[PDB]
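Enquirer: Provided hereafter are the protein sequence and its experimental coordinates.
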There are 2 protein chains.
Amino acid sequence: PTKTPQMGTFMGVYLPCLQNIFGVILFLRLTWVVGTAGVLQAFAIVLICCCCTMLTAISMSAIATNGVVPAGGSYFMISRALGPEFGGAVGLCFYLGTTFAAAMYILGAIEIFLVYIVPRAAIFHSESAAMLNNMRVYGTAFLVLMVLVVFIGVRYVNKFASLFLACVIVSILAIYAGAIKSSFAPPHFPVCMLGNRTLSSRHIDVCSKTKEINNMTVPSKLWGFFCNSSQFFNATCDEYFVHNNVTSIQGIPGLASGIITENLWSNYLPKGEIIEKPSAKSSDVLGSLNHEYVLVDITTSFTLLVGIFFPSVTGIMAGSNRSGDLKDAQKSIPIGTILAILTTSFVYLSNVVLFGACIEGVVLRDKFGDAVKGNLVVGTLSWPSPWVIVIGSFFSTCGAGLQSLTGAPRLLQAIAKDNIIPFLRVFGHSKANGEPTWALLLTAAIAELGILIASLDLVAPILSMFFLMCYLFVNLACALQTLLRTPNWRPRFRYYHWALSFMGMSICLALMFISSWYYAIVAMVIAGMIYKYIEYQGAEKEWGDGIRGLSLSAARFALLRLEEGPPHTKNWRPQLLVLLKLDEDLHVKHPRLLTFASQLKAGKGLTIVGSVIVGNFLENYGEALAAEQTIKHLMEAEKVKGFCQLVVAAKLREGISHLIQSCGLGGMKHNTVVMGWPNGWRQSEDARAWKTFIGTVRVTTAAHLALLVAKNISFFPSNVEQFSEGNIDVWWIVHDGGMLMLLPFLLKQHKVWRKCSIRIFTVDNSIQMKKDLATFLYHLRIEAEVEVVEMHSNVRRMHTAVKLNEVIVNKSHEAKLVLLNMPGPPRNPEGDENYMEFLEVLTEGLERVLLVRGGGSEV
Amino acid sequence: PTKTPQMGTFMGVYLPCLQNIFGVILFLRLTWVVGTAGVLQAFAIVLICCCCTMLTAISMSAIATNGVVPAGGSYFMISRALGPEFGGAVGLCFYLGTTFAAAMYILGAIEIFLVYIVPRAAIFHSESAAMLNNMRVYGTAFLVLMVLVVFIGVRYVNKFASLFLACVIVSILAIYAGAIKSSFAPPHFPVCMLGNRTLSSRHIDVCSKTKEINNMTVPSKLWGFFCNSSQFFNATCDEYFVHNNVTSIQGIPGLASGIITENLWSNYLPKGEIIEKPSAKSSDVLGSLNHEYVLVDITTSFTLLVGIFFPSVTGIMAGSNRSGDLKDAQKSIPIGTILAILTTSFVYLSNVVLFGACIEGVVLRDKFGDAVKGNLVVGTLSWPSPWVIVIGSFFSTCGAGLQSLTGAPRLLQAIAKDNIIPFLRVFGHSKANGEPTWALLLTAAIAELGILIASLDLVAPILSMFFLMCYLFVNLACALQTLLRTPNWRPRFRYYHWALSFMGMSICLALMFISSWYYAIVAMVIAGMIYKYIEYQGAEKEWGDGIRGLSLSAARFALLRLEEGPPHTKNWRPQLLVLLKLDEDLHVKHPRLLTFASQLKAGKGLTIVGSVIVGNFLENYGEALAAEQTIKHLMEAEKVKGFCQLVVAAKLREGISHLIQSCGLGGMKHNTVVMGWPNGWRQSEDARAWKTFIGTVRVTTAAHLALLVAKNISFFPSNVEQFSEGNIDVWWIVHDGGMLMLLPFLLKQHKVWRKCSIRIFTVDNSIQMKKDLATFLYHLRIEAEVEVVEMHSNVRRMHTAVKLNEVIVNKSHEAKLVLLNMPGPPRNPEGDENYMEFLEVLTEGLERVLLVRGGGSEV
Ligand SMILES: *[C@@H]1O[C@H](CO)[C@@H](O[C@@H]2O[C@H](CO)[C@@H](O[C@@H]3O[C@H](CO)[C@@H](O)[C@H](O)[C@@H]3O)[C@H](O)[C@H]2NC(C)=O)[C@H](O)[C@H]1NC(C)=O
Ligand SMILES: *[C@@H]1O[C@H](CO)[C@@H](O[C@@H]2O[C@H](CO)[C@@H](O[C@@H]3O[C@H](CO)[C@@H](O)[C@H](O)[C@@H]3O)[C@H](O)[C@H]2NC(C)=O)[C@H](O)[C@H]1NC(C)=O
Ligand SMILES: *[C@@H]1O[C@H](CO)[C@@H](O)[C@H](O)[C@H]1NC(C)=O
Ligand SMILES: *[C@@H]1O[C@H](CO)[C@@H](O)[C@H](O)[C@H]1NC(C)=O
């Protein structure tokens, strides 16, 4: 079944996008824009608009290539690629866009019918306000006719979309053929003009002051329109009429006439000034204000023209509105859409110059076909007659109204059916065939509200603002998801670079703000509220709570993004696991551990406090909760910011061995284990106490985590007291110098150890080390003095450990904190007593020792 | 030492804030603003500005009360309360504010000296541009004089701050005394006025056309300024002079004169229009343009006046610029600041009305004291003479320039010394006494750049924009931190409600945008870039990487915020721990477990995959890494989004018992354990396999987590196949109905089980349950059909289990998935074989069973 609807890029995405870009503006307003802007600035307008739409086409193609393309419309693709939040924001902004587009197209069909086809038939008789009322009443009647048609029989609309496109394309080819024929044989459309004041020709017949009748020089009607005598019997004619001259100016000069040089400059005359051709002669007298003087119909400006013109390039999201019936979506969609935009941009940029170079510089600024005997201005450039265009534009515009009144409610019911936003659930209701019955009424209501502003020139900025907001979000989600390395964002496109999407976002964000700085802020705040509300509803949906669940989702997303990345880090920073030992009273046997951990991390970073409770889990559940509360209160008391984890284990050694390798969620692991020294290991008769510490040392070294064994921790300073002056005597014995040097710094960054100095008692070869140590300190911009002491089984170890004792006390007996590198545990577990004796003698005579062992790739 | 500087709220925060709010604007521009705006709109201006500054005072007091107040300036308080990011953004915005304030005050001192004190002495001779050049050259000389003074001898500035405040206050009291005296005896300052055209009086002497000299009616000088004869010998006088009349209008009418009714309306005349008193008579002839006509000096508007006036209310952050020397900061600072703002607001609102009701409606719009013989306009309202004000304002304004050139570089070196932003490190360099030597040069450079725009009227909007951005960030950080329940945000204030800070943020965000929509966007983007760069640098500082560390910090902060909250949730949602069993080959023995977990959670939520590796950790480190990679590849293959944790344990039972209670970081815990059924427990000779499952059941029940034992999992559908039609036969046997009912729904929300139906085979009492079940389904808006089957040691259990088998197969033999409530494990571990036999018979004849046991507070 799918294969038959399979369509090549052309018939699948080119024609829908081509049929939806070609709107009414190209006819009813391109000539006016060219005239009041000058070909140069008109070129700037068309190019800037086409640039936003092209960069946005590139971003949307990047979205199209990423991942499998869902079978729904463009909304489903955008949703599945940018998350439901962006999906809903773009859905609603594009939907309001489509509704106000149905409003503009209905206004256009009414304007064409009323001004050009049948002027005589009007609700309000002959003045501007009357047109507005005529448009309001005529607009709603057509609006009601459109709603009823779309409600009953959309299949007929599907059938005649092709005829509508036919009408559009025939009209454009007629325009081009007329422009070409205007080189040798241009048409005979003349305009009466009085001096440099252009006259209307709806009522005048001859551009002559006196129309000879039956061999009698009776004054012509124009005399009757500038002089009230009408018989030239001592007629009182006004100043400008008597002074200046009426002339018949060829309204469409040849393509070779060279008028482009004349109309190459802006006019921008404000409301009610008479349109003046700055070529013909003129007197200077003034005061004779008359009705016949063609007037500037709106106080124009550049920023107004860009807004009036932008809704003619919107519609590229329709390229992928037929994405279910495609063969190679990620291959057909980008090329088809970009080619469609290139074609339409080529048409606009060619027609701008052709109008500039073929139509008089006065007939262009005429926004209602006056002075050309009431014919469509662009219609005058056509091969058969202006009638072909005046009817083709009307049929195309009513067809586009039907198209957008079928396309908007389907999108609304799809956004409702997705249950992204709850309150729109009412509009999810569908007809027997799945047509949105109760959404359509809302679309009609909003289109009604639009039509009430019965002027294209005032509806166009609103439509443009909504579509511009849609494009801005579509560009921003891609730029963001590319920068932040969002999961599942693989934009498999040969030309998509995040700078492109960012440049598009910036350009037509500027466009938004240019057109209106207050509508743009209103749109941005509406979109932000919808976005945050969708995020909140999703949180409440998945986690169960609003703000609790919001933070929960934030954490999960951060950890996932954190998972798909390089394991190492360019710098090494100690993330602690504090091993608190719980006594038989279930009280922390060493709070100084937490005090010191707090001082070491200085309240920032990750600190996981782990502890083992000896016993059976089946019956110590309550004790585990109580002891967890105890440790949490202790953490809060020592200003430790972090998390607590208790394991009720059968064996203390096994509990710690499981904590050391299972703590932390993946990606938020610790990398150092901070332990308390087993004070009084020899004193206790039981050998388990000292053997457990060794077991932990082996487990820590094997897991490749750093180890900081703090000894004599009962004498460690509390968070409230301070040191006036003291020396952190780092002993860089042998290797593992990175952690040893880095530690004291981190300690000195805290207020307790802030006021102390640092002395590295490194142990000719040392002098080689002296130069390296000096470089390390010179770079770190820290006040540190390095002194190099030249330094050169069990009996030998003791005989040398006593020398180490001698030197360390002789240099550092009165130090406030002695860091000290550690030796590894024995391979054979028999020599553990000898190993602990080595440590005890090595650390004898020291008030505060922090034994440190690297065992890792520390840099 | 601290006690002596202890100052009560008045002398500690009132006088610094009072001395820093009273600027130059109050003199040189309040009269002009009142005149060109009308007392009404001037009142609107003063009230709106004072409203932003008052709500911001409330927010800053809320900041002041929260936590301990650091000893530094306001920057340190703001930093320690809003994080270094907001601290740095506000610091730089307020610093640029202070520099451009030094620029405005130097411009003001020059303007006062040059226009009012010594007009004759000017660099450029007599025209507007000449004043600008005079101001540029004069400004830099004073600027260089100020820099040298501040560089050498700030102690003298500290000494004379009191004299500067004295000058300000004496001036304001002189203004009020003059206003009062103007009730009975107003002063004699007359103005010559020709018709309704006001004349300048710098050069005229008598307001008379002819000045009689020596009994001869020679024409007066004004004749020479409107007629070139100067001898009235057939003098050719212009039109307006001959038609209209010169009159002497009292320039300061009495307070009782009632002119307020006259000057109660806006003027807003654009540049160069002659200032006209709309009271006196006038002819209508025009054309006689003359030099003497006093002209509107700037194309005024409301939005311009608000910008010109705002830099007179800035300075409230100086209230807490002396926070180290206070007694009760959180008590003195709020009251002192708010009282200071009330005092100054009271002064402005009184002087607006007094000027409205005492000065002619023409002398006010005169921005350079013309027509009053070149005297300060407000100076004319004073008891002794205008000289007292003209000198007091000059001394006050040079004093404020010195004050802001000492206050800006100190703040800059403090922001540098904090090492928040790296590249500013160069400016951290200080003098011997700690004065910023190399920061001051930059402050002077920026002040120089400001002075180059030699006009207060153009510097004031920039200053106002910077201070407005500072206040907006100070309000937004408080509103945000109050809403999101940010840790350590305890605003102990009796009147602070987040709606107040939000209203302040909105009001003067509107102020920002009103004054300039392009400067405001430039300021916002600058602040956003500084904020994100500070955040990035902090990330790189603490975690070691830029983007890795950024996501790491985001995760830690989310979990912490997640920690201080209610433990339960209004809704229950299953967060899974999938227990994968690793075989002797270290391969996942049941991938269907992951398949089903993926289907159950549907890719959203938290899924922690735990598994135990039997062995010793010291030597299976490599195996643990390999098996972790294996399980990660498996997770990615089954579209499971989540984390993996392996524990190398000595006993499989103990490894699982430790995983069940230690998985997840605090706050991101699981709440359900998903296990695979021990298929073939009887077949295996070893009893360990079945006994371990029971051990896990007891541990799961005791930990109060839900349990989902999936049986016959080898037949569970894969993620690619689907079910055309089928029945999820939920058996709500007895209790724990919330989880049982909730599960199938979550399953049906996935595409695999999307196309299946649901049948609840609940087991008169049931009919009571029928009504409850119907209500539960009616609310959930899900298509579900409920059928109620009426239903009524070891031998009895088997004799009834076979009945359960009979019924369940008779109803559901051909079901696609049979959910089934579970019975608890025996209390005595001897009956475990009987317990497992009960389960096996109860589940006999079923292709797919999901045994479910609640054991928790599920709602
Ligand atoms: C149609 O003819 C009228 C009749 O003069 C044109 O009006 C006048 O055009 C001049 C341009 O030369 C405008 O500027 C004037 O320029 C002279 C040059 O010296 C200067 O002396 C004047 O003071 C003035 O600036 C003038 O404002 C304008 N109106 C009047 C009342 O003179 C009109 O511009 C012609 N149409 C077009 C499209 O040019
Ligand atoms: C100072 O005196 C001059 C001399 O007339 C005033 O100029 C003229 O004031 C009138 C206000 O009445 C302006 O509006 C005119 O109103 C009449 C009312 O019918 C209307 O017929 C006119 O068409 C016009 O709209 C007028 O524009 C203005 N200028 C001229 C050239 O007449 C001037 O307003 C006086 N100063 C003040 C502060 O009022
Ligand atoms: C009107 O026409 C006459 C003769 O055709 C010519 O001399 C005159 O200059 C024209 N008027 C103007 C304003 O050029
Ligand atoms: C000028 O003064 C004369 C007499 O003092 C008076 O009649 C005339 O109305 C005055 N001019 C105007 C414009 O009122």
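Expert: Structure received. Numbering: from 1, shown residues only, chains lettered A, B, ... in the order given. Ligands and ions are numbered 1, 2, ... in the order given.
Enquirer: I'd say residue A:476 and residue A:504 touch.
Expert: No - the criterion here is Cβ atoms under 8 Å, and residue A:476 misses it with residue A:504 at 9.5 Å. No exception for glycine: its C-beta is placed from N, CA and C like everyone else's.
Enquirer: higher neighbour count, the two?
Expert: For residue A:476 and residue A:504, the more surrounded residue by other Cβ atoms under 10 Å in any protein chain shown is residue A:504, and the numbers stand at 27 against 19.
Enquirer: CA-only coordinates of stretch A:265-274, as PDB, when you get a sec.
Expert: Written as PDB, here are the backbone C-alpha positions of stretch A:265-274 (Å, rounded to 0.1, in the frame of the first residue of the first chain):
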ATOM      1  CA  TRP A 265      15.000  55.200  -5.400                       C
ATOM      2  CA  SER A 266      12.700  55.100  -2.400                       C
ATOM      3  CA  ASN A 267       9.600  57.300  -2.000                       C
ATOM      4  CA  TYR A 268       8.100  56.500   1.400                       C
ATOM      5  CA  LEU A 269       5.600  59.400   1.300                       C
ATOM      6  CA  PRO A 270       3.400  59.400   4.300                       C
ATOM      7  CA  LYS A 271      -0.400  59.200   4.200                       C
ATOM      8  CA  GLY A 272      -2.400  61.500   1.900                       C
ATOM      9  CA  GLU A 273       0.300  63.100  -0.100                       C
ATOM     10  CA  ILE A 274      -0.400  63.200  -3.900                       C
END
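Enquirer: Okay, buried residues for stretch A:715-723 please.
Expert: For stretch A:715-723, burial by neighbour count (16 or more other Cβ atoms under 10 Å in any protein chain shown) applies to A:716-717, A:719.
Enquirer: measure that stretch end to end?
Expert: 13 Å (Cα to Cα, to the nearest Å).
Enquirer: Count the residues that sit near the residue of the stretch 51-200 of chain A found nearest chain B.
Expert: The nearest approach of the stretch 51-200 of chain A to chain B comes at residue A:84, 10.9 Å away (Cβ to the nearest Cβ). The number of residues packed around residue A:84, counting by other Cβ under 10 Å, is 19.
Enquirer: and it, what does it touch?
Expert: For residue A:84, the contact set (Cβ atoms under 8 Å, 6 or more residues apart in numbering or on different chains) comprises A:418, A:420, A:534, A:538.
Enquirer: Then residue A:15?
Expert: Here residue A:15 is in contact with residue A:165 (Cβ under 8 Å, 6+ apart).
Enquirer: any idea which helix or strand carries it?
Expert: helix A:15-21 (DSSP states H and E).
Enquirer: Just want the phi and psi numbers for the residue lying closest to residue A:666 once chain neighbours are set aside.
Expert: In space, and not counting its chain neighbours, residue A:666 is closest to residue B:643: 3.9 Å by Cβ to Cβ, 6 or more residues apart in numbering or on different chains. Main-chain dihedrals, residue B:643, degrees, to the nearest 10: phi -120, psi 160.
Enquirer: same deal with the one 3 residues further on?
Expert: Recorded main-chain torsions at residue B:646 are phi -110, psi 140, according to degrees, to the nearest 10.
Enquirer: Show me the beta-bridge partners of it.
Expert: Beta-bridge pairing for residue B:646 (DSSP bridges): residue B:611.
Enquirer: That one: neighbouring residues, count only.
Expert: 23.
Enquirer: Kindly confirm whether my reading is correct that it touches residue B:611.
Expert: Yes - using Cβ under 8 Å, residue B:646 is in contact with residue B:611, at 5.8 Å.
Enquirer: Could you pull out the residues contacting both of those two?
Expert: With Cβ under 8 Å, 6+ apart, residue B:646 and residue B:611 have common neighbours B:627, B:631.
Enquirer: and chain A, what are its domains?
Expert: A:9-186+A:302-474, A:190-250, A:516-565, A:571-676, A:710-859 (automatic domain parsing).
Enquirer: Let me know which of the ones you listed is the nearest to ligand 4.
Expert: Ligand 4 lies closest to domain A:190-250 among those, at 30.9 Å (Cβ to the nearest ligand atom).
Enquirer: Please name the nearest non-neighbouring residue to the closest residue to ligand 4 within the stretch 151-300 of chain A.
Expert: When distances are taken as Cβ to the nearest ligand atom, the stretch 151-300 of chain A reaches nearest to ligand 4 at residue A:287, 26.7 Å away. Distances taken as Cβ to Cβ, 6+ apart put residue A:239 closest to residue A:287, at 6.0 Å, once the chain neighbours are dropped.
Enquirer: Quick check: that neighbour vs residue A:521, distance?
Expert: Per Cβ to Cβ, to the nearest Å, residue A:239 is found 50 Å from residue A:521.
Enquirer: ditto for residue A:220
Expert: 56 Å.
Enquirer: which of those two has more neighbours?
Expert: Taking neighbours as other Cβ under 10 Å, residue A:220 and residue A:521 compare with residue A:220 leading, 21 against 14.
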